[PDB]
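To be precise, the following lines are coords_37.tsv, and they hold TSV, C-alpha atoms and all ligand atoms.
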chain	number	residue	atom	x	y	z
A	1	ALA	CA	-3.61	48.76	74.63
A	2	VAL	CA	-2.65	49.37	78.26
A	3	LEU	CA	-4.75	49.10	81.42
A	4	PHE	CA	-3.55	49.72	84.98
A	5	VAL	CA	-5.43	47.81	87.68
A	6	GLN	CA	-5.21	47.76	91.47
A	7	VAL	CA	-6.58	45.18	93.89
A	8	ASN	CA	-7.29	46.17	97.55
A	9	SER	CA	-11.06	45.74	98.16
A	10	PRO	CA	-11.43	45.54	102.00
A	11	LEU	CA	-10.41	48.20	104.51
A	12	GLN	CA	-10.92	47.43	108.20
A	13	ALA	CA	-9.89	50.31	110.45
A	14	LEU	CA	-7.59	53.33	110.63
A	15	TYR	CA	-6.13	55.48	113.40
A	16	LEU	CA	-4.41	58.86	113.43
A	17	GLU	CA	-1.31	58.85	115.65
A	18	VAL	CA	-0.20	62.28	116.86
A	19	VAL	CA	1.13	63.62	120.17
A	20	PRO	CA	-1.54	65.58	122.11
A	21	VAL	CA	0.79	68.55	122.74
A	22	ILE	CA	3.79	70.28	121.18
A	23	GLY	CA	5.08	73.84	120.98
A	24	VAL	CA	4.85	76.31	118.12
A	25	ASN	CA	7.16	76.08	115.09
A	26	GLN	CA	7.85	72.41	115.90
A	27	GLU	CA	7.78	69.68	113.27
A	28	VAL	CA	4.98	67.18	113.85
A	29	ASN	CA	5.50	63.62	112.58
A	30	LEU	CA	1.87	62.72	111.94
A	31	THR	CA	1.20	59.03	111.32
A	32	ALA	CA	-1.81	57.37	109.67
A	33	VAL	CA	-1.95	53.76	110.85
A	34	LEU	CA	-3.99	51.64	108.44
A	35	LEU	CA	-4.84	47.93	107.97
A	36	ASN	CA	-1.29	47.69	103.56
A	37	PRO	CA	1.42	47.94	100.88
A	38	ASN	CA	2.68	51.04	99.10
A	39	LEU	CA	-0.76	51.21	97.42
A	40	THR	CA	-2.41	53.58	99.90
A	41	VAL	CA	-4.49	56.71	99.29
A	42	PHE	CA	-4.30	59.32	102.06
A	43	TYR	CA	-6.13	62.65	102.24
A	44	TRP	CA	-4.70	64.97	104.91
A	45	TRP	CA	-6.76	67.82	106.38
A	46	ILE	CA	-4.13	69.61	108.44
A	47	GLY	CA	-6.07	72.72	109.50
A	48	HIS	CA	-8.76	75.16	108.43
A	49	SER	CA	-7.95	75.03	104.71
A	50	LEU	CA	-10.20	72.65	102.79
A	51	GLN	CA	-7.61	71.54	100.19
A	52	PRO	CA	-6.27	68.19	101.45
A	53	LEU	CA	-2.76	66.88	100.96
A	54	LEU	CA	-2.31	63.68	98.96
A	55	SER	CA	-0.02	60.96	100.27
A	56	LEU	CA	0.92	57.35	99.56
A	57	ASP	CA	2.98	57.18	102.78
A	58	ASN	CA	1.71	56.73	106.33
A	59	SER	CA	3.49	59.75	107.80
A	60	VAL	CA	3.69	63.46	107.06
A	61	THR	CA	5.75	66.23	108.67
A	62	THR	CA	4.24	69.68	109.23
A	63	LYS	CA	4.50	72.76	111.45
A	64	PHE	CA	2.21	75.21	113.27
A	65	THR	CA	2.94	78.93	113.33
A	66	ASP	CA	-0.12	79.64	115.50
A	67	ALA	CA	-1.03	78.22	118.91
A	68	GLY	CA	-4.25	76.91	120.42
A	69	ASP	CA	-6.23	73.86	119.28
A	70	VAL	CA	-5.71	72.29	115.84
A	71	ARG	CA	-8.02	69.78	114.15
A	72	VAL	CA	-6.00	67.15	112.27
A	73	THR	CA	-8.00	64.78	110.07
A	74	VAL	CA	-6.88	61.87	107.89
A	75	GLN	CA	-8.98	59.97	105.35
A	76	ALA	CA	-8.08	56.67	103.69
A	77	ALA	CA	-9.71	55.31	100.51
A	78	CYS	CA	-7.42	52.64	99.04
A	79	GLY	CA	-10.23	50.58	97.52
A	80	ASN	CA	-13.94	51.43	97.39
A	81	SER	CA	-14.20	52.14	101.13
A	82	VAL	CA	-13.72	55.39	103.04
A	83	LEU	CA	-12.23	55.58	106.53
A	84	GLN	CA	-11.59	58.78	108.46
A	85	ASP	CA	-10.12	59.71	111.83
A	86	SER	CA	-9.72	63.12	113.47
A	87	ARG	CA	-7.74	64.39	116.45
A	88	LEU	CA	-7.50	67.76	118.19
A	89	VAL	CA	-4.07	68.75	119.52
A	90	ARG	CA	-2.81	71.60	121.68
A	91	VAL	CA	-0.05	73.96	120.52
A	92	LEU	CA	1.47	75.79	123.49
A	93	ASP	CA	4.32	78.21	124.21
A	94	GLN	CA	4.72	78.35	128.02
A	95	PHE	CA	5.79	74.90	129.20
A	96	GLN	CA	8.72	72.84	130.43
A	97	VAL	CA	9.54	69.34	129.15
A	98	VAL	CA	10.77	66.55	131.44
A	99	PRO	CA	12.00	63.15	130.19
A	100	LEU	CA	10.68	60.08	131.98
A	101	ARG	CA	12.13	56.59	132.43
A	102	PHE	CA	9.78	53.66	133.00
A	103	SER	CA	10.69	50.27	134.40
A	104	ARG	CA	11.86	47.67	131.89
A	105	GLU	CA	9.41	44.97	132.99
A	106	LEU	CA	6.49	47.05	131.71
A	107	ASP	CA	7.85	46.55	128.18
A	108	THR	CA	7.02	42.84	128.34
A	109	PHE	CA	3.33	43.77	128.90
A	110	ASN	CA	3.14	46.87	126.67
A	111	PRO	CA	0.77	46.80	123.69
A	112	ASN	CA	0.93	49.93	121.58
A	113	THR	CA	-2.85	50.42	121.75
A	114	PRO	CA	-3.19	54.22	122.13
A	115	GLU	CA	-5.89	53.78	124.77
A	116	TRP	CA	-3.58	51.69	126.96
A	117	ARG	CA	-0.91	54.39	126.58
A	118	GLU	CA	-3.51	57.05	127.42
A	119	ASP	CA	-4.51	55.29	130.65
A	120	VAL	CA	-0.87	54.83	131.65
A	121	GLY	CA	-0.14	58.52	131.12
A	122	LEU	CA	-3.25	59.44	133.09
A	123	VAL	CA	-2.14	57.25	136.00
A	124	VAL	CA	1.30	58.86	135.97
A	125	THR	CA	-0.27	62.34	135.98
A	126	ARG	CA	-2.58	61.43	138.88
A	127	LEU	CA	0.33	60.14	140.95
A	128	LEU	CA	2.44	63.23	140.18
A	129	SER	CA	-0.39	65.52	141.28
A	130	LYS	CA	-0.94	63.47	144.44
A	131	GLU	CA	2.76	63.65	145.38
A	132	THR	CA	3.41	67.31	144.47
A	133	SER	CA	0.09	69.09	145.29
A	134	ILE	CA	0.40	70.97	141.98
A	135	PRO	CA	-2.53	71.35	139.53
A	136	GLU	CA	-3.35	68.16	137.66
A	137	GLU	CA	-4.60	69.55	134.33
A	138	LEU	CA	-1.25	71.33	133.85
A	139	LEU	CA	0.61	67.99	133.60
A	140	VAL	CA	0.50	66.03	130.33
A	141	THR	CA	2.16	62.60	130.06
A	142	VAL	CA	2.79	61.03	126.64
A	143	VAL	CA	4.41	57.59	126.65
A	144	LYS	CA	5.35	57.37	122.93
A	145	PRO	CA	4.82	54.47	120.47
A	146	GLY	CA	8.31	52.93	120.69
A	147	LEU	CA	8.95	49.39	121.83
A	148	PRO	CA	10.99	50.64	124.84
B	1	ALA	CA	-17.05	65.36	116.02
B	2	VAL	CA	-15.82	66.20	112.51
B	3	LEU	CA	-16.62	64.55	109.18
B	4	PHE	CA	-15.31	65.60	105.77
B	5	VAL	CA	-17.57	64.76	102.83
B	6	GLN	CA	-17.23	65.18	99.07
B	7	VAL	CA	-19.93	65.06	96.41
B	8	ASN	CA	-19.00	64.22	92.76
B	9	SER	CA	-20.79	60.95	91.83
B	10	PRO	CA	-20.81	60.89	87.97
B	11	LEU	CA	-17.77	60.93	85.70
B	12	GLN	CA	-18.37	60.95	81.94
B	13	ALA	CA	-15.14	60.91	79.93
B	14	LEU	CA	-11.47	61.85	80.10
B	15	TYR	CA	-8.71	62.51	77.58
B	16	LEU	CA	-4.93	62.77	77.87
B	17	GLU	CA	-3.58	65.74	75.91
B	18	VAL	CA	0.11	65.49	74.98
B	19	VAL	CA	2.11	66.38	71.86
B	20	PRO	CA	3.05	63.26	69.83
B	21	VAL	CA	6.72	64.28	69.54
B	22	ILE	CA	9.35	66.28	71.43
B	23	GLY	CA	13.10	66.07	71.92
B	24	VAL	CA	15.04	64.74	74.88
B	25	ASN	CA	15.48	66.79	78.07
B	26	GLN	CA	12.44	68.90	77.12
B	27	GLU	CA	9.69	69.76	79.60
B	28	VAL	CA	6.36	68.19	78.66
B	29	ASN	CA	3.18	69.99	79.77
B	30	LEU	CA	0.91	66.96	80.07
B	31	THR	CA	-2.80	67.75	80.43
B	32	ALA	CA	-5.61	65.54	81.74
B	33	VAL	CA	-8.89	66.88	80.36
B	34	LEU	CA	-11.81	65.71	82.49
B	35	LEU	CA	-15.59	66.34	82.68
B	36	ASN	CA	-14.80	69.47	87.35
B	37	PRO	CA	-13.75	71.72	90.25
B	38	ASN	CA	-10.55	71.57	92.29
B	39	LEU	CA	-11.86	68.25	93.69
B	40	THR	CA	-10.12	65.95	91.22
B	41	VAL	CA	-8.08	62.78	91.82
B	42	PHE	CA	-5.38	62.09	89.22
B	43	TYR	CA	-3.02	59.11	89.07
B	44	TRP	CA	-0.12	59.67	86.65
B	45	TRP	CA	1.83	56.74	85.18
B	46	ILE	CA	4.66	58.58	83.43
B	47	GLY	CA	6.85	55.64	82.39
B	48	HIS	CA	7.97	52.16	83.37
B	49	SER	CA	7.86	52.76	87.13
B	50	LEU	CA	4.66	51.51	88.73
B	51	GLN	CA	4.42	54.18	91.46
B	52	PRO	CA	1.96	56.79	90.14
B	53	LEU	CA	2.07	60.50	90.84
B	54	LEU	CA	-0.86	62.06	92.70
B	55	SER	CA	-2.38	65.29	91.43
B	56	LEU	CA	-5.39	67.52	92.02
B	57	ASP	CA	-4.50	69.65	88.97
B	58	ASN	CA	-5.12	68.85	85.32
B	59	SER	CA	-1.54	69.39	84.16
B	60	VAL	CA	1.90	68.09	85.11
B	61	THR	CA	5.37	68.98	83.82
B	62	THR	CA	8.00	66.29	83.33
B	63	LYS	CA	11.11	65.44	81.30
B	64	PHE	CA	12.63	62.49	79.44
B	65	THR	CA	16.34	61.71	79.64
B	66	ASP	CA	15.99	58.73	77.27
B	67	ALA	CA	14.61	58.63	73.72
B	68	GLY	CA	12.28	56.27	71.89
B	69	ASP	CA	8.63	55.57	72.71
B	70	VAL	CA	7.10	56.47	76.08
B	71	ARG	CA	3.77	55.24	77.45
B	72	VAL	CA	1.98	58.02	79.34
B	73	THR	CA	-1.15	56.98	81.24
C	1	LIG	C1	-5.86	48.62	115.70
C	1	LIG	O1	-5.72	48.13	116.97
C	1	LIG	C2	-4.61	47.25	117.08
C	1	LIG	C3	-4.70	46.59	118.44
C	1	LIG	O2	-5.91	45.86	118.55
C	1	LIG	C4	-3.30	48.01	116.85
C	1	LIG	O3	-2.34	46.99	116.63
C	1	LIG	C5	-1.04	47.25	117.16
C	1	LIG	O4	-0.39	48.38	116.57
C	1	LIG	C6	0.94	48.61	117.05
C	1	LIG	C7	1.42	49.88	116.39
C	1	LIG	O5	1.47	49.75	114.97
C	1	LIG	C8	1.82	47.39	116.75
C	1	LIG	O6	3.14	47.59	117.27
C	1	LIG	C9	4.09	47.70	116.18
C	1	LIG	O7	4.90	46.53	116.07
C	1	LIG	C10	5.87	46.61	115.02
C	1	LIG	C11	6.50	45.24	114.84
C	1	LIG	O8	5.55	44.39	114.21
C	1	LIG	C12	6.89	47.69	115.41
C	1	LIG	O9	7.91	47.76	114.43
C	1	LIG	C13	6.17	49.05	115.52
C	1	LIG	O10	7.08	50.05	115.95
C	1	LIG	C14	4.95	48.98	116.44
C	1	LIG	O11	5.43	48.98	117.78
C	1	LIG	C15	1.20	46.15	117.37
C	1	LIG	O12	1.96	45.00	117.01
C	1	LIG	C16	-0.23	45.99	116.88
C	1	LIG	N1	-0.85	44.81	117.47
C	1	LIG	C17	-1.15	44.67	118.77
C	1	LIG	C18	-1.79	43.37	119.15
C	1	LIG	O13	-0.91	45.54	119.60
C	1	LIG	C19	-3.35	48.88	115.60
C	1	LIG	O14	-2.31	49.85	115.67
C	1	LIG	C20	-4.69	49.59	115.39
C	1	LIG	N2	-4.73	50.15	114.04
C	1	LIG	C21	-5.81	50.44	113.30
C	1	LIG	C22	-5.52	50.96	111.93
C	1	LIG	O15	-6.97	50.32	113.71
C	2	LIG	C1	-14.72	65.55	74.95
C	2	LIG	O1	-15.02	65.94	73.67
C	2	LIG	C2	-15.40	67.31	73.60
C	2	LIG	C3	-15.92	67.55	72.21
C	2	LIG	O2	-17.06	66.73	71.95
C	2	LIG	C4	-14.21	68.20	73.97
C	2	LIG	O3	-14.79	69.47	74.22
C	2	LIG	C5	-14.01	70.60	73.81
C	2	LIG	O4	-12.78	70.72	74.51
C	2	LIG	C6	-12.01	71.88	74.16
C	2	LIG	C7	-10.71	71.79	74.92
C	2	LIG	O5	-10.93	71.81	76.32
C	2	LIG	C8	-12.81	73.15	74.46
C	2	LIG	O6	-12.08	74.31	74.06
C	2	LIG	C9	-11.71	75.08	75.22
C	2	LIG	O7	-12.48	76.28	75.33
C	2	LIG	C10	-12.12	77.08	76.46
C	2	LIG	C11	-13.15	78.19	76.62
C	2	LIG	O8	-14.35	77.61	77.12
C	2	LIG	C12	-10.70	77.62	76.21
C	2	LIG	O9	-10.32	78.47	77.28
C	2	LIG	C13	-9.72	76.43	76.12
C	2	LIG	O10	-8.41	76.91	75.81
C	2	LIG	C14	-10.18	75.39	75.10
C	2	LIG	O11	-9.88	75.90	73.81
C	2	LIG	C15	-14.15	73.10	73.73
C	2	LIG	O12	-14.95	74.22	74.08
C	2	LIG	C16	-14.89	71.81	74.08
C	2	LIG	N1	-16.17	71.73	73.38
C	2	LIG	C17	-16.31	71.58	72.06
C	2	LIG	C18	-17.72	71.52	71.56
C	2	LIG	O13	-15.34	71.51	71.30
C	2	LIG	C19	-13.53	67.76	75.27
C	2	LIG	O14	-12.23	68.33	75.33
C	2	LIG	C20	-13.41	66.23	75.40
C	2	LIG	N2	-13.03	65.90	76.77
C	2	LIG	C21	-13.23	64.76	77.43
C	2	LIG	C22	-12.75	64.75	78.85
C	2	LIG	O15	-13.76	63.76	76.93
C	3	LIG	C1	9.77	61.16	111.71
C	3	LIG	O1	9.92	59.79	112.11
C	3	LIG	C2	10.77	59.01	111.24
C	3	LIG	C3	10.81	57.62	111.84
C	3	LIG	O2	11.72	57.56	112.93
C	3	LIG	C4	12.16	59.64	111.12
C	3	LIG	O3	12.90	58.93	110.14
C	3	LIG	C5	12.06	61.11	110.73
C	3	LIG	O4	13.35	61.71	110.76
C	3	LIG	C6	11.13	61.85	111.69
C	3	LIG	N1	11.02	63.25	111.32
C	3	LIG	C7	10.84	64.22	112.22
C	3	LIG	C8	10.75	65.61	111.68
C	3	LIG	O5	10.76	63.99	113.43
C	4	LIG	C1	6.94	53.38	98.39
C	4	LIG	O1	7.20	54.37	97.40
C	4	LIG	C2	7.96	55.48	97.90
C	4	LIG	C3	8.07	56.47	96.76
C	4	LIG	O2	7.95	57.81	97.23
C	4	LIG	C4	9.32	55.00	98.40
C	4	LIG	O3	10.00	56.10	99.00
C	4	LIG	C5	9.16	53.88	99.42
C	4	LIG	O4	10.44	53.34	99.75
C	4	LIG	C6	8.26	52.78	98.87
C	4	LIG	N1	8.04	51.75	99.88
C	4	LIG	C7	8.01	50.45	99.59
C	4	LIG	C8	7.77	49.53	100.75
C	4	LIG	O5	8.18	50.02	98.45
C	5	LIG	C1	2.50	74.82	80.85
C	5	LIG	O1	1.33	75.52	80.39
C	5	LIG	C2	0.87	76.55	81.28
C	5	LIG	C3	-0.35	77.17	80.62
C	5	LIG	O2	0.03	78.09	79.60
C	5	LIG	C4	1.97	77.58	81.55
C	5	LIG	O3	1.52	78.49	82.55
C	5	LIG	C5	3.25	76.89	82.00
C	5	LIG	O4	4.30	77.85	82.11
C	5	LIG	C6	3.65	75.80	81.02
C	5	LIG	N1	4.86	75.13	81.45
C	5	LIG	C7	5.76	74.64	80.59
C	5	LIG	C8	6.96	73.99	81.20
C	5	LIG	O5	5.61	74.72	79.37
C	6	LIG	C1	-6.82	74.54	93.46
C	6	LIG	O1	-5.89	74.34	94.52
C	6	LIG	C2	-4.54	74.63	94.15
C	6	LIG	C3	-3.67	74.28	95.34
C	6	LIG	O2	-2.45	73.68	94.94
C	6	LIG	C4	-4.41	76.10	93.73
C	6	LIG	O3	-3.09	76.32	93.25
C	6	LIG	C5	-5.42	76.44	92.64
C	6	LIG	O4	-5.40	77.84	92.39
C	6	LIG	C6	-6.83	76.01	93.06
C	6	LIG	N1	-7.78	76.26	91.98
C	6	LIG	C7	-9.01	76.73	92.19
C	6	LIG	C8	-9.85	76.93	90.97
C	6	LIG	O5	-9.43	76.98	93.32
Show me, as structure tokens, the structure contained in the file I just sent.
Amino acid sequence: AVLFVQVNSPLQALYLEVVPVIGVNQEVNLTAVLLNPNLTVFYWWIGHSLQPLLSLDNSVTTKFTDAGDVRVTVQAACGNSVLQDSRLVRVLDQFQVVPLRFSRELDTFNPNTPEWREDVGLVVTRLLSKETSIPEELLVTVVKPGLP
Amino acid sequence: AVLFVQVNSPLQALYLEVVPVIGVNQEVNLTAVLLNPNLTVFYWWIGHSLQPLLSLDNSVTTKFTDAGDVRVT
């Protein structure tokens, strides 16, 4: 007689990591940050279609043929608890991309909390608009999750 | 705000349907008979490896390069 068992009772929090903006036909490297070993259950709701993708890995790679706003949802149920996080992203076509160096010292005070990164990008956008007199909602700053 | 919900509380019984014998390098059409719509969660333990396959469908198709006795769960 055989019996497979798994032991991961408590789940704390999850977060869906995805860039707020990318062009059409571009591969998106969606990440599902969660509390966990290779024993992880991930339901992925990429778009309108109900049928979710199953994954044991944190990340998936997908594309978007259409533009506009896309709802991306991820659900985690490793044990007997259900967590879920959603995020709406913009898929554009008319834009120009500029790389941006930050000062090194910031790295020594840089937690990867997405809200910290959001506020930093917002400050950069405000300063750009104040020093170029160009519209402010047409400038999107994303400061990545990397250690540098 | 968005929230996905699913509603299938009771599960009665299951049964694994598989032929008792087949040769090597032959495709096996394993079936998992269960109480259900396309909302079905299936973990497949094909052999020695712990990592199970995920499936929403009843059936899977696999092969065996080695002979002997295979545990299919
Ligand atoms: C919950 O919130 C916490 C903060 O309260 C987040 O924790 C931080 O997450 C980042 C990203 O995973 C961690 O940085 C990582 O460090 C590893 C090295 O250990 C590096 O290889 C990765 O590339 C990444 O930079 C960070 O250490 C971690 N802790 C803190 C204090 O910032 C967490 O992401 C949030 N997650 C959930 C599921 O709620
Ligand atoms: C539980 O046990 C019951 C019997 O008490 C099994 O029920 C029987 O299962 C077979 C195979 O699925 C059914 O035959 C099927 O009929 C459909 C048409 O409806 C046909 O398209 C299929 O090819 C197949 O031949 C049968 O009707 C069903 N009921 C009876 C009274 O025999 C069941 O398979 C067992 N399953 C579990 C999960 O415990
Ligand atoms: C996604 O990120 C991982 C981690 O760096 C990398 O190995 C992989 O090539 C990336 N894929 C794409 C399509 O960006
Ligand atoms: C988890 O399993 C996958 C199988 O698809 C494998 O690619 C990955 O390396 C495994 N990770 C760990 C940490 O064992
Ligand atoms: C498995 O059975 C289904 C149902 O008849 C059939 O469509 C499929 O081709 C079969 N595959 C193999 C490899 O026997
Ligand atoms: C269930 O979803 C799968 C998607 O892989 C599809 O192939 C199948 O036709 C669907 N079945 C039903 C009954 O909707």
Pull out every residue of chain B sitting within 10 Å of chain A, counting only C-alpha atoms, and send them as a PyMOL selection string. chain B and resi 1-4+38-39+41+45+50-56+71-73
Shortest interatomic distance to residue 88 (chain A) - which of A:57, A:115, A:105, A:69, counting only C-alpha atoms: A:69
Box time for ligand LIG 1 (chain C): axis-aligned, enclosing all its listed atoms, 4 Å extra on each side; report centre and edge lengths in Å to one decimal, as lines of an AutoDock Vina configuration file.
center_x = 0.5
center_y = 47.2
center_z = 115.8
size_x = 22.9
size_y = 15.6
size_z = 15.7
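Nearest to ligand LIG 5 (chain C) of all the residues B:36, B:6, B:49, B:31 is B:31, counting only C-alpha atoms and all ligand atoms.
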Need the shell around residue 61 (chain A): protein/DNA/RNA residues with any atom at most 8 Å away, counting all atoms listed in the file. Skip same-chain ones fewer than 2 positions apart. Format as number ranges by chain? A: 27-30, 59, 63
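Between CA of residue 76 (chain A) and CA of residue 42 (chain A) there is a distance of 4.9 Å.
Atom pair CA of residue 63 (chain B) / atom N1 of ligand LIG 5 (chain C) has a distance of 11.5 Å (rounded to one decimal).
Proximity of A:40, A:5, A:126, A:133 to residue 82 (chain A), computed with all atoms listed in the file, is greatest for A:40.
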If the limit is 9 Å from any atom of ligand LIG 2 (chain C), counting all atoms listed in the file, which residues qualify? Return them as a ChimeraX atom specification. /B:12-16,32-35
10 Å from ligand LIG 5 (chain C) is the threshold here; counting only C-alpha atoms and all ligand atoms, which polymer residues fall inside it? Answer as a PyMOL selection string. chain B and resi 26-31+59-63
Residues at most 7 Å from residue 15 (chain A), counting all atoms listed in the file, excluding those fewer than 6 positions away in the same chain, as a ChimeraX atom specification? /A:32-34,85
Close residues to ligand LIG 1 (chain C) using all atoms listed in the file, limit 7 Å, as a PyMOL selection string: chain A and resi 13-15+33-35+111-113+145-147
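Between CA of residue 97 (chain A) and atom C7 of ligand LIG 3 (chain C) the interatomic distance comes to 17.7 Å.
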Measuring atom to atom with all atoms listed in the file, identify which of A:60, A:83, A:24, A:77 is nearest to ligand LIG 3 (chain C). A:60
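You can rank B:58, B:43, B:5, B:10 by their closest distance to ligand LIG 6 (chain C) using all atoms listed in the file, and at the top of that list sits B:58.
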Env of residue 140 (chain A): 12 Å cut, atoms = all atoms listed in the file, seq-sep filter 6 positions within chain, self excluded. Answer as a PyMOL selection string. chain A and resi 19-22+90+92+95-100+118-126+128-129
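When all atoms listed in the file are used to compute distances to residue 6 (chain A), the closest of the residues A:143, A:91, A:78, A:67 turns out to be A:78.
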